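Chemist: Experimental structure and its sequence below.
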There are 4 protein chains.
Amino acid sequence: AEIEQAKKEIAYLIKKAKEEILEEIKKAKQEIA
Amino acid sequence: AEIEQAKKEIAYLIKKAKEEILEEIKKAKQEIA
Amino acid sequence: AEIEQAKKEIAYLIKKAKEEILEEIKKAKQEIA
Amino acid sequence: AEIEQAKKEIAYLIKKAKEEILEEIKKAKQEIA
Ligand SMILES: [Yb+2]
Ligand SMILES: [Yb+2]
Ligand SMILES: [Yb+2]
Ligand SMILES: [Yb+2]
């Protein structure tokens, strides 16, 4: 089930990227405001 | 049509990530400026 | 060549998301600083 | 191994996008705060 495996891997990369970006926006906000 | 289904799922994850990130930038902007 | 087509479509979505997010960070920066 | 190649290409695009966005948040932070 390689198609599904590739999708799973991509989804995990998106989930990690999203979370790190949201964290960094929030932490910048907290530093400034 | 598994290839298309995987693409659809990935596209939805990107769309959600994009929207949440843009929202959080705008809300930070509004808090500061 | 459906695999390649799906990749092309995903790549375009990432490129649009990246560009919009970078634009919005820069415009927020310009408003504040 | 086209499925794996497409996954590799997508992963690289995500990695570049993530890194550029995180850099730009940090640099904005540094300019303001
Ligand atoms: Yb987190
Ligand atoms: Yb929204
Ligand atoms: Yb642009
Ligand atoms: Yb870097």
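Modeler: All right, it came through fine. Residues are numbered from 1 along each chain as shown, chains lettered A, B, ... in the order given. Ligands and ions are numbered 1, 2, ... in the order given.
Chemist: alpha carbons only for contacts and neighbour counts from here, please
Modeler: OK.
Chemist: for chain B, what are the nearby residues on chain A?
Modeler: Chain A comes close to chain B at residues A:3-4, A:7, A:10-11, A:14, A:18, A:21-22, A:25-26, A:29, A:32-33, as judged by CA under 8 Å from any CA of the partner chain.
Chemist: Buried ones among those residues?
Modeler: Burial of the residues of chain A next to chain B was assessed by neighbour count (16 or more other CA atoms under 10 Å in any protein chain shown); the buried members are A:3, A:7, A:10, A:11, A:14, A:18, A:21, A:22, A:25, A:29.
Chemist: For residue A:10, give me its contacts.
Modeler: Going by CA atoms under 8 Å, 6 or more residues apart in numbering or on different chains, residue A:10 touches B:10, D:7, D:10, D:11.
Chemist: tell me which element it falls in.
Modeler: Per DSSP states H and E, residue A:10 falls inside helix A:2-32.
Chemist: If I take that helix and helix B:2-32, what angle do their directions form?
Modeler: 0 degrees (axes from the mean of the first three to the mean of the last three CA atoms, to 10 degrees).
Chemist: And helix A:2-32, how far out from the chain middle?
Modeler: Here the centre of mass of C-alpha atoms in helix A:2-32, compared against the chain's by CA atoms, centre = their mean, to the nearest Å, lies 0 Å away.
Chemist: count of neighbours near residue A:15?
Modeler: Residue A:15 has 14 neighbouring residues, counting by other CA atoms under 10 Å in any protein chain shown.
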